[PDB]
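Colleague:
There are 2 protein chains.
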Amino acid sequence: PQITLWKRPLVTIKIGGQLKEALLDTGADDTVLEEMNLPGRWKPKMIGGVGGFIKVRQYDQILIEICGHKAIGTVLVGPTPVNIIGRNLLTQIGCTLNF
Amino acid sequence: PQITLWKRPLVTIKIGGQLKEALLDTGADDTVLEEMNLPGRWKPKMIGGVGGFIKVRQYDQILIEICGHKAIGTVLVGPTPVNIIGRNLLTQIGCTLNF
Ligand SMILES: CC[C@H](C)CN(C[C@@H](O)[C@H](Cc1ccccc1)NC(=O)O[C@H]1CO[C@H]2OCC[C@H]21)S(=O)(=O)c1ccc(N)cc1
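Order-wise, the sequence lines are chains B and A. Quick note on PDB author numbering: the first sequence kicks off at 1 and runs consecutively. Quick note on PDB author numbering: the second sequence kicks off at 1 and runs consecutively.
1) From residue 28 of chain A to residue 26 of chain B, what does the alpha carbon distance come to, in whole angstroms?
2) Which complete beta strand (DSSP E) runs does the stretch 1-39 of chain A hold, if anything under 3 residues is left out?
3) Cα separation between residue 7 of chain B and residue 87 of chain A?
4) I'd like to check one pair, residue 5 of chain B with residue 12 of chain B: are the Cβ atoms closer than 7 Å?
5) Given that residue 72 of chain B touches chain A, what residues does it touch there, using C-beta distances under 7 Å?
6) In angstroms, rounded to a whole number, what distance separates the CA positions of residue 2 of chain A and residue 68 of chain B?
7) Whether or not the stretch 47-61 of chain B and the stretch 76-94 of chain B are in contact is what I'm after, with contact meaning three or more pairs of Cβ atoms, one per stretch, closer than 8 Å; do they touch?
8) How would you label residue 49 of chain B, buried or exposed, when you count the other beta carbons within 10 angstroms and need 16 or more for buried?
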């Protein structure tokens, strides 16, 4: 599909057997999701943005379905105000910017 | 153009007669640029991102050319980690997400 940017590009995603709304975010290097109790091993990480840094948990090889498109890769989990799909998974679903 | 997302979508912009590099950021409602002198009146404002809130100067109805396309809109200037072009300007240049 084509998504215009008049409003926030929120789409439904499916992760860990759960449906969530997440932002398709070309400005985010890596996908970061609101705090959730994923199983598995993880590694601490810090990501920086407007306002400074937050601490997150980095999970590797996590399957996310984004609008029916499957993807698998790094998912970070931490106190973000919004679920964010970053470039690491956007490439995997064939997402481009166009103008 | 069509821009893939294996790398950061960085583009050259021109603002205040000056060239800069900025990030096309579909996750940003607003456009925030690093500290710079811009002519015209400005109002102090607060904006929040992943890490908290920062003080910025809001410039309204500013001319800014993004990878060859002209926009005239609101630009926030302050201690952002990188220059980010948000939806208020991405819409003006006809930018969409496609997959
Ligand atoms: C360094 C580039 C950019 C600032 C990074 N951010 C993504 C960005 O899209 C965030 C994503 C974001 C969206 C909404 C809340 C918090 C973060 N948007 C943002 O900060 O936009 C601000 C400017 O307009 C306003 O609208 C949204 C917040 C304001 S981020 O959230 O901090 C981020 C940094 C690293 C990773 N791996 C994932 C996300």
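Just so it is clear, CB atoms sit at the ideal spot from N, CA and C, and this is done for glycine as well.
Modeller: Considering the structure as presented:
1) Here the question's residue 28 of chain A lines up with position 28 in the second sequence. Here the question's residue 26 of chain B lines up with position 26 in the first sequence. Roughly 9 Å separates the two Cα atoms.
2) 10-15 and 18-24
3) As a working note, residue 7 of chain B is residue 7 in the first sequence. As a working note, residue 87 of chain A is residue 87 in the second sequence. Those two C-alpha atoms are separated by around 8 Å.
4) As a position in the first sequence, residue 12 of chain B is number 12, starting the count at 1. As a position in the first sequence, residue 5 of chain B is number 5, starting the count at 1. Taking 7 Å as the Cβ cut-off, residue 12 of chain B and residue 5 of chain B do not qualify as a contacting pair.
5) Here residue 72 of chain B corresponds to residue number 72 of the first sequence, with the count starting at 1. Here the premise fails: no neighbours, minimum Cβ distance about 16 Å.
6) Counted from its first residue, the second sequence places residue 2 of chain A at position 2. Counted from its first residue, the first sequence places residue 68 of chain B at position 68. Going by the C-alpha atoms only, they are around 22 Å apart.
7) yes
8) Locating residue 49 of chain B in the first sequence gives position 49, counting from the first residue. Result: buried.
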